[PDB]
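By convention in this document, chain letters (A, B, ...) are assigned in the order of the sequence lines, proteins followed by strands, and residues within each chain are numbered from 1.
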Amino acid sequence: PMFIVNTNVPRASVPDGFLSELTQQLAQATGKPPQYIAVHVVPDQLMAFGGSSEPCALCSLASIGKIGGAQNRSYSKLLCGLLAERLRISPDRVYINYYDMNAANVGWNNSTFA
Amino acid sequence: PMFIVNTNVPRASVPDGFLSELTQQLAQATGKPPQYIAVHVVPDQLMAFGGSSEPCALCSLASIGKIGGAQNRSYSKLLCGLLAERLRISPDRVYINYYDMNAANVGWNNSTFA
Amino acid sequence: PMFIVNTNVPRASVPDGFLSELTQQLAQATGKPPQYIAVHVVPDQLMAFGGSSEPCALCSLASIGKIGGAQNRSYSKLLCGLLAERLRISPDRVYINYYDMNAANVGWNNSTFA
């Protein structure tokens, strides 16, 4: 899995250990081994959500499988929770795009997962 | 809908009010209320387009529906127009990837839009 | 085609000429003219791969066609190669997401490619 968060929250407001928390919780939620989880946080962005520059986030979670209606609701509760607790972003100012990747369309270690 | 622009134009060249202009015009084009539109501009990027580093943009518009042949031509005219007028980027140095998201694949407010 | 590299390697560690090299190598690999290749490198990122902040990269290659099982294995060998040689990133800490874009879903020069 690969989880990306882009936010207008400043870098100083991202707490120490946040990338590890995300890694841990995503491994648990997706069922994937932690060695396969990648996470990427991009603060200080020039963004608006509903026309407003109050704290917001635009995110993406891509995974080979483990994407679907019920799973994605679960991930959204988890991730909006983390963004609210840690970054002080309202859940209603977060979008998370989910992507179910075919294994042939993910490169890693000089090959793909197919 | 969510619109992201990555560009090598410097931050100071992004005019005041541009995120609101994008929000407004995207609301009109997609038909969706502006409260649902998110916009994200990433200046100062290390980029090339066709092997050269004059002003360029790599963008994305992801929406639950409102994506298709005709609509995407319209959006391209609109958005290339804005990028040329406001950021002085030639339309021929802009790519916009369009993504029609399934509602169950967009997280928001602790759940999905399904 | 458009190739994006997000990495925690510092800006200074990206060699002069790297965007041109990627352009050339991608034009050869995809068979598309260089004028159609766009490349984007984002250093200095806050990222982790398998919980580790050792050098890593999260990448994307989107193209109208020229994507599939065998082609993507080849691209992965190529691009992991380049990232290892030039940025000193282990192939096993690189993900590359491949996107086969429909021509009607790529905007350019006030219209789409359809």
Side-chain angles (χ1 to χ4, degrees), chain A residues 1 3-9 26 29-30 40-63 65-84 89-101 105, chain B residues 1-7 9-10 12-28 30 32-45 57 59-64 67 86-87 97-114:
Chain A
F3 181 62
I4 312 299
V5 180
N6 303 270
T7 182
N8 55 350
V9 164
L26 283 165
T30 63
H40 178 197
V41 175
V42 191
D44 294 294
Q45 295 302 288
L46 178 60
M47 322 180 50
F49 188 112
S52 166
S53 61
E54 293 278 0
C56 60
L58 301 173
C59 311
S60 49
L61 178 62
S63 180
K66 308 303 186 56
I67 297 293
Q71 292 170 108
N72 298 350
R73 288 186 280 279
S74 193
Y75 299 146
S76 297
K77 181 182 209 211
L78 171 75
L79 296 170
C80 290
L82 288 163
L83 292 171
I89 303 169
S90 186
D92 66 2
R93 295 183 58 70
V94 173
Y95 288 147
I96 308 165
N97 289 330
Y98 296 102
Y99 302 91
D100 189 355
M101 298 298 297
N105 294 332
Chain B
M2 54 196 285
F3 181 63
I4 302 153
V5 178
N6 304 269
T7 180
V9 168
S13 297
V14 179
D16 283 359
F18 188 52
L19 293 187
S20 280
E21 192 176 24
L22 291 168
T23 300
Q24 290 168 344
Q25 296 273 5
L26 285 162
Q28 294 175 311
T30 61
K32 301 292 170 182
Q35 287 87 352
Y36 289 80
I37 299 289
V39 297
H40 180 196
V41 176
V42 194
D44 296 293
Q45 298 301 290
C59 311
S60 298
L61 177 70
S63 179
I64 295 166
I67 297 291
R86 306 299 184 207
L87 303 190
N97 288 331
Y98 296 101
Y99 302 91
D100 186 355
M101 296 302 299
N102 295 336
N105 293 332
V106 181
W108 172 70
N109 197 40
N110 307 312
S111 189
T112 65
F113 276 106

Practice task
Heavy atoms only, distances under 4.5 angstrom: which of B:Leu19, B:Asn102, B:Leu22, B:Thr23 has the most pairs with chain A? Name it, please.
Solution key: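 With the most close heavy-atom pairs to chain A, the winner is B:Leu19.
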Problem - Pairs of heavy atoms under 4.5 Å with chain A: top-ranked of B:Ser20, B:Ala114, B:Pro34 - result: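 Of the candidates given, the most pairs with chain A belong to B:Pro34.
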Practice task
Assign the ring pair A:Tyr99 / B:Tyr99 to parallel, tilted or perpendicular, where the plane angle (0 to 90°) is split at 30° and 60°.
Solution key: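 If you compare the ring of A:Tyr99 with that of B:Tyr99, the planes turn out perpendicular.
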Handout entry: Option in A:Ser53, A:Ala70, A:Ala48 with maximal non-hydrogen atom pairs under 4.5 Å from chain B
Key =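 Going by pairs under 4.5 Å, I would pick A:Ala48.
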Exercise for the section: May I ask you to name which of A:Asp100, A:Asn6, A:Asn8 has the most heavy-atom pairs under 4.5 Å with chain B? Expected result: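 Among the listed options, the one with the most contacts to chain B is A:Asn6.
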Heavy-atom neighbours of [X] [atom1] exceed 12 at 6.0 Å:
X: A:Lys66; atom1: NZ; answer: yes
X: A:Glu54; atom1: CD; answer: no
X: B:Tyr36; atom1: OH; answer: no

Handout entry: Residues B:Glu21, B:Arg86: salt bridge by 4.0 Å N-O rule
Key =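 Looking at B:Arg86 together with B:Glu21, the answer is yes, because their closest N to O distance falls below 4.0 Å.
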Exercise for the section: Go through the atoms of B:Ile37 and report whether side chain, backbone, both or neither lie under 4.5 Å from a heavy atom of chain A. Expected result: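 Just the backbone, heavy atoms under 4.5 Å.
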